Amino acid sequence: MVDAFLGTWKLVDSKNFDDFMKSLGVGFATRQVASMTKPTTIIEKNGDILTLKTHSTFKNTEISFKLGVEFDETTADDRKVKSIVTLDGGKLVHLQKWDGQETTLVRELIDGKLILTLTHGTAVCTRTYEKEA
């Protein structure tokens, strides 16, 4: 039941994204631009394939996956990872693994907003997205 996550979403709040990016070794200049960028995230399904686009003035990504099936991914910061996305407690949980490290990207719906929690190391970033009509 991924249905309430589908659609077009725009970033409206960000907490601790610089901490998260620093933890991943992202360079200062990229952090700097990223801290002023407001992406649009588009989540689409076709049968049990989901496609998740992240669009911005800086970087752009797109992944397609089946829930519960591992896929290769190259992240916006150029990490080559092994990924899996699953529903867990009604949350869309994306786990990335590379070099023995793990990142998680957890999405949930609260009061119609999509809350993305990004964790690497001890860093925890919370980004809030709201629907675009």
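Counting begins at 1, following the sequence as shown.
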query: Stretch with the higher entry mean CA B-factor, where the candidates are 106 to 114 and 6 to 14; finding: 106 to 114
query: Highest recorded Cα temperature factor - choice among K82, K45, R79, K59; finding: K59
query: Residue of maximum C-alpha B factor among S64, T30, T40, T75, per deposited coordinates; finding: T30
query: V26 by Cα B-factor - lowest, middle or highest third of the modelled chain; finding: highest
